[PDB]
Amino acid sequence: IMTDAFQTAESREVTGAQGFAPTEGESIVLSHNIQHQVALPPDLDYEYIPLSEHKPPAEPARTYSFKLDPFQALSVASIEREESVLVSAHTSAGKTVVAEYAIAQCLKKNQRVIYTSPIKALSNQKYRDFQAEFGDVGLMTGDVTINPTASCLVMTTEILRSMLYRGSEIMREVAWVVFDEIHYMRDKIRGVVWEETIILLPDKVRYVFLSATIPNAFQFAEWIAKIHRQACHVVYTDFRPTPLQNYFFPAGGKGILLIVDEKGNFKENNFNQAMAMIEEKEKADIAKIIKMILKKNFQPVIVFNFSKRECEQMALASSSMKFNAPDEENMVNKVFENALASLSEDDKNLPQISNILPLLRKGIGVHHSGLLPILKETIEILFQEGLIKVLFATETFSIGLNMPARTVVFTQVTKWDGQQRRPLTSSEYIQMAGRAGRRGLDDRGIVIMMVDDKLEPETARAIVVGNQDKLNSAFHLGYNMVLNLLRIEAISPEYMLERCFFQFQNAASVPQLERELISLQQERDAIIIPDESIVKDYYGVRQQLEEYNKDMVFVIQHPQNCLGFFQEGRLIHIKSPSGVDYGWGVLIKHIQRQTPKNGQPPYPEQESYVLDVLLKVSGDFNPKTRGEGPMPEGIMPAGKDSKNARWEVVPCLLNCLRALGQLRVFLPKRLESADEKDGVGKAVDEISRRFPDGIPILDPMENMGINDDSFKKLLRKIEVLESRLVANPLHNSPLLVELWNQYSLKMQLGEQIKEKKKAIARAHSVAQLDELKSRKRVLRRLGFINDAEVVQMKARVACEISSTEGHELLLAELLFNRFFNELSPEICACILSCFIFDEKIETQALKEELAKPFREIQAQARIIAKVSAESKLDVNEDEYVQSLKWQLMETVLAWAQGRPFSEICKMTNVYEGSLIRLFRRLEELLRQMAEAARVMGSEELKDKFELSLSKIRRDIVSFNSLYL
RNA sequence: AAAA
Ligand SMILES: Nc1ncnc2c1ncn2[C@@H]1O[C@H](COP(=O)(O)OP(=O)(O)O)[C@@H](O)[C@H]1O
């Protein structure tokens, strides 16, 4: 805190006037900043550098009667003057309106446009919006291509790439190409696709970039400006319509703590006190939140969860409550009957729908990819119409069209599998929490996050409190990619690596990254600590002893040692694992808890036993039914010592035992009333009067008879480490607090410096380059290309495989080797099912009919993985083999034989929505392999893939829109 | 294992 300001907290009005000309501070505060910057095209010669200003007027010449705010004005104005523009703002900013102008601008003078979306499901929704608006619109997806000759086109990012590599003529006729949610280029699988598309695109194409808030937004335009020789504008705004307050919910905790104030203030104590809660360690705790926020009037509330599976469970436990009124009760199934006419009688009885119908009546929504496109769309409608006050959604919901709420809850702070157990990045936080805070009902937005972690916390602060993260290119080499680049003569695989956004980052980052280090080095040098050395050897050995004594009590707490010393009435010292002391006590009874009901994994023997122990603590009096946590929820005698002081038998876990007494107190059989328990307390108090310095402890060595070589070692390193603490200015003054507080930042920055040091190592990283030589060797060895590394016939059908990434070689190998021709069309379709999707499926079929072809295409993977691994790449022999799924082979095959859709989902646990997804994509692998056989010269396998394709196509499995 |  140096120079900063503070908004008016709750409600205020700053101005007033009378009768002629006022000054408007009216009903908005405080959302302020906007930004406009322009990237410029590089100059060819020294001889001439033109300096070209363009500052476009606020309100354009013709607004087409459309409604526009000051922000979207210059976004439109940039397109109006016909130049590329980047709009980076929250999904609340209304970015869609500028996309409709760009198309309308082109349609006005009658030329062609391409609209694109990260996701095909969202592409279809925007299509029917565009078609019903303009009418000259048509969509090309993989599955369905409708009206391709239309001026405006809605297509998958996958399709847009496939036409460029194949050099479609339609790209010569396209003026503008609109990319939406481009900040999702981060995706480790399909994010590389966005870069491949952009770089290869014609230089005369004008661009529109619709993105969330990103720090490097200007850096992105530089990269577009340099490779395309264009002037690319940047329109960026940080404003959001509603203030945001952040509450932390500790795991197992009984409440929420406010970490971030509405004005941005970060509470350190709430953060620290929250961490005290998590040392006390399937949580139903979400059912509690949704319960009270109904009564606290926080609605609607969007609960974000990153798994399809556990997402429905948190909806199930909350299904025991009903938040809807009778007028809302019958309104949801009155609007539910419209989609029945759009469905078949067999499909209207579908199992998924019969579950959700009573659920929506209770006012509980659910949104994810495992849902039917018609069913999830009604749920999307019902939310923004206000008939659903509680929604359990996945990350995809935050990517889609604006559908804001009053509350946003983060259930999990860790993120996905692909390369890392990855803490939640800042960009995802801004995007999801941006859903909170609608216009006129919210004084404030409410954001709740549950926090537990798997190594060390300092990260946990950095997510919300710290800075944002760079938008990192996920660009990486691929088999399908290197062949497509080696395919066209005009371009080499090295050409794309040059213009890839990852290279553009590193080149411009490193000279600046050098200044990042020297500025960091000044601060740690600018801090001057008296006796800079001795302290490093105090804090150094401070964390050394505090850590190694934890290893001593841990062995003692283990039943191997302490258990034999458990006797009724033995004096016991109880201190919670968090470090809070419940005071002394006396052992009443010890019992091992055996065989819990089901859910939680069986107990480790450290926490296994349960010790009933008499303590003088107080707090919420009841909890005799005791949570599996360490203790009933109490409060030690810091609290009300008047309202309660009672010696009470407390069922403490075994890890709460830090010491044992030397002698035991005689105990009766029953402590029930206050009399029976208070009498034992005086028996304890008597011991305290005779032992002022402390109560004698059983010596772990001699008294408890622990001779272990590992125990002796730890205990010997305990003694000598204690002696080092006395050799420092520990005694005769405790000023170490001021030293540690100043020295703490020195180590934080020092650790922060080492990262910036290793940051340069990753800027100069050769991973892309070294992979290419190693990857092109297996292309030569497997026979895909020659010794001169020139394309061969096999590589021409491998460039035709798109929809499937990673089996591109396997599929190319099997097809060229004359495999699918020895089979039947139904068999050909069920075999290609293994490649299409990686979601787990449970059914039991080892049936030898489909096991024979599966084992063969599986063995071929081992052949591929054999030479590819010793080529100095990294792939395991087992991992790649198992990347194909046999659990769905029975399922898809049944649909091809003309069995009803309803029975199909009864064979497996596959989502009815996910089943649609893997079919439509399987459908496209067929259409792509139809072209693959067409290049090979074998036209019998073309019809083979076409006759198979015809059996996956029917009336009700094709449902999007029917217009023109 | 989330998203296409
Ligand atoms: N000038 C404006 N100020 C505030 N809200 C607006 C404005 N224009 C549109 N909106 C509303 O804000 C929401 C965001 O619009 P939209 O463009 O659909 O979101 P996205 O940017 O995700 O496409 C819309 O529901 C719209 O009604």
# chains A, B, ... in the order shown; residues from 1 in each chain; ligands from 1
>>> residues_around(residues="residue 1 (chain B)", least_positions_apart="4", cutoff="12 Å", atoms="only C-alpha atoms (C1' of nucleotides)", output="number ranges by chain")
A: 306-309, 415-421, 837-840
>>> residues_around(residues="region 721-724 of chain A", least_positions_apart="3", cutoff="9 Å", atoms="only C-alpha atoms (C1' of nucleotides)", output="MDAnalysis selection string")
chainID A and resid 538 541 544:545 716:718 727:728
>>> write_last_selection(atoms="N, CA and C atoms", output="JSON list (two decimals), in the first residue's frame")
[["chain", "number", "residue", "atom", "x", "y", "z"],
["A", 538, "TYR", "N", 19.73, -18.88, 11.80],
["A", 538, "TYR", "CA", 18.71, -18.99, 12.85],
["A", 538, "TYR", "C", 17.40, -19.48, 12.25],
["A", 541, "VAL", "N", 17.84, -22.92, 10.95],
["A", 541, "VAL", "CA", 17.73, -24.00, 11.93],
["A", 541, "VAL", "C", 16.41, -23.93, 12.69],
["A", 544, "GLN", "N", 14.26, -26.06, 10.84],
["A", 544, "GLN", "CA", 14.88, -27.37, 10.89],
["A", 544, "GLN", "C", 14.44, -28.15, 12.12],
["A", 545, "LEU", "N", 14.36, -27.47, 13.26],
["A", 545, "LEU", "CA", 13.94, -28.11, 14.51],
["A", 545, "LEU", "C", 12.43, -28.27, 14.60],
["A", 716, "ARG", "N", 18.93, -38.20, 18.11],
["A", 716, "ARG", "CA", 20.30, -37.71, 18.21],
["A", 716, "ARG", "C", 20.45, -36.42, 17.42],
["A", 717, "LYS", "N", 19.70, -36.31, 16.32],
["A", 717, "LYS", "CA", 19.70, -35.11, 15.51],
["A", 717, "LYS", "C", 18.79, -34.05, 16.13],
["A", 718, "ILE", "N", 18.02, -34.46, 17.14],
["A", 718, "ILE", "CA", 17.20, -33.53, 17.91],
["A", 718, "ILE", "C", 18.07, -32.80, 18.93],
["A", 727, "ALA", "N", 23.51, -21.12, 20.56],
["A", 727, "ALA", "CA", 24.78, -20.51, 20.17],
["A", 727, "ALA", "C", 24.57, -19.22, 19.37],
["A", 728, "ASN", "N", 23.31, -18.81, 19.27],
["A", 728, "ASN", "CA", 22.92, -17.62, 18.53],
["A", 728, "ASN", "C", 22.27, -16.62, 19.48]]
>>> atom_distance(atom1="CA of residue 62 (chain A)", atom2="CA of residue 79 (chain A)")
12.7 Å
>>> residues_near_ligand(ligand="ligand 1", cutoff="7 Å", atoms="only C-alpha atoms (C1' of nucleotides) and all ligand atoms", output="list in words")
residues 68, 69, 91, 92, 93, 94, 95, 96, 97, 400, 401 and 402 of chain A
>>> residues_around(residues="residue 3 (chain B)", least_positions_apart="5", cutoff="10 Å", atoms="only C-alpha atoms (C1' of nucleotides)", output="ChimeraX atom specification")
/A:118-119,187,189-190,306,368-369,394-396,399
>>> residues_around(residues="residue 326 (chain A)", least_positions_apart="5", cutoff="12 Å", atoms="only C-alpha atoms (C1' of nucleotides)", output="list in words")
residues 331, 332, 333, 361, 362, 363 and 387 of chain A
>>> select_by_dssp(residues="region 60-309 of chain A", states="strand (DSSP E)", output="number ranges by chain")
A: 85-88, 112-117, 137-140, 152-156, 174-180, 206-211, 232-237, 244-250, 257-260, 301-304
>>> write_last_selection(atoms="C-alpha atoms", output="PDB file, in the first residue's frame")
ATOM      1  CA  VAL A  85      -9.326  -5.319 -34.279  1.00  0.00           C
ATOM      2  CA  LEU A  86      -8.897  -7.159 -30.973  1.00  0.00           C
ATOM      3  CA  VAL A  87     -11.665  -6.843 -28.393  1.00  0.00           C
ATOM      4  CA  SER A  88     -10.556  -8.043 -24.964  1.00  0.00           C
ATOM      5  CA  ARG A 112     -18.418 -13.406 -47.778  1.00  0.00           C
ATOM      6  CA  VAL A 113     -17.619 -13.867 -44.074  1.00  0.00           C
ATOM      7  CA  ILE A 114     -16.439 -16.722 -41.856  1.00  0.00           C
ATOM      8  CA  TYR A 115     -17.576 -16.992 -38.245  1.00  0.00           C
ATOM      9  CA  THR A 116     -15.780 -19.450 -35.967  1.00  0.00           C
ATOM     10  CA  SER A 117     -16.196 -20.844 -32.466  1.00  0.00           C
ATOM     11  CA  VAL A 137     -26.217 -17.508 -43.440  1.00  0.00           C
ATOM     12  CA  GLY A 138     -25.382 -21.212 -43.555  1.00  0.00           C
ATOM     13  CA  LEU A 139     -23.202 -23.472 -41.407  1.00  0.00           C
ATOM     14  CA  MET A 140     -20.489 -25.926 -42.327  1.00  0.00           C
ATOM     15  CA  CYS A 152     -21.760 -15.881 -44.171  1.00  0.00           C
ATOM     16  CA  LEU A 153     -20.514 -19.199 -42.797  1.00  0.00           C
ATOM     17  CA  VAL A 154     -20.484 -20.693 -39.312  1.00  0.00           C
ATOM     18  CA  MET A 155     -17.851 -23.423 -39.142  1.00  0.00           C
ATOM     19  CA  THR A 156     -15.685 -25.391 -36.727  1.00  0.00           C
ATOM     20  CA  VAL A 174     -13.662 -14.595 -47.794  1.00  0.00           C
ATOM     21  CA  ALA A 175     -13.170 -11.029 -46.568  1.00  0.00           C
ATOM     22  CA  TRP A 176     -13.600 -11.209 -42.790  1.00  0.00           C
ATOM     23  CA  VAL A 177     -12.986 -14.118 -40.426  1.00  0.00           C
ATOM     24  CA  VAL A 178     -14.388 -13.804 -36.903  1.00  0.00           C
ATOM     25  CA  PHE A 179     -12.709 -15.755 -34.107  1.00  0.00           C
ATOM     26  CA  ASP A 180     -14.585 -15.972 -30.807  1.00  0.00           C
ATOM     27  CA  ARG A 206      -9.339  -8.763 -42.125  1.00  0.00           C
ATOM     28  CA  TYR A 207      -9.772 -10.118 -38.604  1.00  0.00           C
ATOM     29  CA  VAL A 208     -12.004  -9.718 -35.565  1.00  0.00           C
ATOM     30  CA  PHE A 209     -10.740 -11.115 -32.266  1.00  0.00           C
ATOM     31  CA  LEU A 210     -13.250 -11.598 -29.456  1.00  0.00           C
ATOM     32  CA  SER A 211     -11.536 -12.458 -26.183  1.00  0.00           C
ATOM     33  CA  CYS A 232      -4.349  -4.496 -35.936  1.00  0.00           C
ATOM     34  CA  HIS A 233      -6.277  -2.435 -33.393  1.00  0.00           C
ATOM     35  CA  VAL A 234      -6.711  -3.363 -29.737  1.00  0.00           C
ATOM     36  CA  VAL A 235      -9.825  -2.456 -27.761  1.00  0.00           C
ATOM     37  CA  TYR A 236      -9.531  -3.466 -24.103  1.00  0.00           C
ATOM     38  CA  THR A 237     -11.732  -2.773 -21.070  1.00  0.00           C
ATOM     39  CA  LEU A 244     -17.261  -8.469  -6.279  1.00  0.00           C
ATOM     40  CA  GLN A 245     -16.633  -9.753  -2.755  1.00  0.00           C
ATOM     41  CA  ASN A 246     -14.593 -12.919  -2.263  1.00  0.00           C
ATOM     42  CA  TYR A 247     -15.292 -15.487   0.453  1.00  0.00           C
ATOM     43  CA  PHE A 248     -13.028 -18.443   1.240  1.00  0.00           C
ATOM     44  CA  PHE A 249     -14.650 -21.703   2.313  1.00  0.00           C
ATOM     45  CA  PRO A 250     -12.234 -23.945   4.240  1.00  0.00           C
ATOM     46  CA  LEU A 257     -14.303 -16.084   5.528  1.00  0.00           C
ATOM     47  CA  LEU A 258     -14.033 -12.873   3.502  1.00  0.00           C
ATOM     48  CA  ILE A 259     -10.581 -12.725   1.920  1.00  0.00           C
ATOM     49  CA  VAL A 260     -11.130  -9.920  -0.618  1.00  0.00           C
ATOM     50  CA  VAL A 301     -25.995 -19.143  -7.841  1.00  0.00           C
ATOM     51  CA  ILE A 302     -23.727 -20.835 -10.380  1.00  0.00           C
ATOM     52  CA  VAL A 303     -21.728 -23.750  -8.998  1.00  0.00           C
ATOM     53  CA  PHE A 304     -18.794 -24.560 -11.259  1.00  0.00           C
TER      54      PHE A 304
END
>>> select_by_dssp(residues="region 841-900 of chain A", states="alpha helix (DSSP H)", output="NGL selection string")
:A and (848-869 or 877-881 or 889-896)
>>> residues_around(residues="residue 403 (chain A)", least_positions_apart="5", cutoff="8 Å", atoms="only C-alpha atoms (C1' of nucleotides)", output="PyMOL selection string")
chain A and resi 383-384+435
>>> write_last_selection(atoms="C-alpha atoms", output="PDB file, in the first residue's frame")
ATOM      1  CA  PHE A 383     -31.876 -19.944 -16.279  1.00  0.00           C
ATOM      2  CA  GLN A 384     -31.844 -16.618 -18.116  1.00  0.00           C
ATOM      3  CA  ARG A 435     -20.666 -14.543 -14.415  1.00  0.00           C
TER       4      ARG A 435
END
>>> closest_residue(among="A:920, A:566, A:504, A:608", to="residue 590 (chain A)", atoms="only C-alpha atoms")
A:566
>>> residues_around(residues="residue 287 (chain A)", least_positions_apart="2", cutoff="9 Å", atoms="only C-alpha atoms (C1' of nucleotides)", output="VMD selection string")
chain A and resid 283 to 285 289 to 291 314 to 315 317 to 318
>>> residues_around(residues="residue 846 (chain A)", least_positions_apart="3", cutoff="12 Å", atoms="only C-alpha atoms (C1' of nucleotides)", output="VMD selection string")
chain A and resid 843 849 to 855 886 to 890
>>> atom_distance(atom1="CA of residue 388 (chain A)", atom2="CA of residue 912 (chain A)")
22.6 Å
>>> atom_distance(atom1="CA of residue 186 (chain A)", atom2="CA of residue 427 (chain A)")
10.5 Å
>>> decode(residues="chain B", atoms="N, CA, C and O atoms (P, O5', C5', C4', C3', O3' and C1' of nucleotides)", output="PDB file, in the first residue's frame")
ATOM      1  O5'   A B   1     -11.743 -39.708 -16.026  1.00  0.00           O
ATOM      2  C5'   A B   1     -11.725 -38.670 -15.056  1.00  0.00           C
ATOM      3  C4'   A B   1     -11.204 -37.385 -15.640  1.00  0.00           C
ATOM      4  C3'   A B   1     -12.090 -36.735 -16.690  1.00  0.00           C
ATOM      5  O3'   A B   1     -13.109 -35.940 -16.109  1.00  0.00           O
ATOM      6  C1'   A B   1      -9.821 -36.763 -17.418  1.00  0.00           C
ATOM      7  P     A B   2     -14.545 -35.827 -16.812  1.00  0.00           P
ATOM      8  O5'   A B   2     -14.446 -34.499 -17.691  1.00  0.00           O
ATOM      9  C5'   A B   2     -15.301 -33.396 -17.421  1.00  0.00           C
ATOM     10  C4'   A B   2     -14.649 -32.063 -17.725  1.00  0.00           C
ATOM     11  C3'   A B   2     -15.075 -31.373 -19.007  1.00  0.00           C
ATOM     12  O3'   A B   2     -16.290 -30.678 -18.839  1.00  0.00           O
ATOM     13  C1'   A B   2     -12.720 -31.287 -18.802  1.00  0.00           C
ATOM     14  P     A B   3     -17.565 -31.071 -19.724  1.00  0.00           P
ATOM     15  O5'   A B   3     -17.643 -29.881 -20.778  1.00  0.00           O
ATOM     16  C5'   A B   3     -17.171 -30.081 -22.098  1.00  0.00           C
ATOM     17  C4'   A B   3     -16.190 -29.033 -22.552  1.00  0.00           C
ATOM     18  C3'   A B   3     -16.006 -28.978 -24.067  1.00  0.00           C
ATOM     19  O3'   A B   3     -16.971 -28.182 -24.753  1.00  0.00           O
ATOM     20  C1'   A B   3     -13.917 -29.307 -23.077  1.00  0.00           C
ATOM     21  P     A B   4     -18.216 -28.860 -25.540  1.00  0.00           P
ATOM     22  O5'   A B   4     -17.608 -29.426 -26.905  1.00  0.00           O
ATOM     23  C5'   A B   4     -18.128 -29.102 -28.197  1.00  0.00           C
ATOM     24  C4'   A B   4     -16.987 -28.586 -29.049  1.00  0.00           C
ATOM     25  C3'   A B   4     -16.600 -29.348 -30.321  1.00  0.00           C
ATOM     26  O3'   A B   4     -17.094 -28.726 -31.474  1.00  0.00           O
ATOM     27  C1'   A B   4     -14.767 -29.299 -28.857  1.00  0.00           C
TER      28        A B   4
END
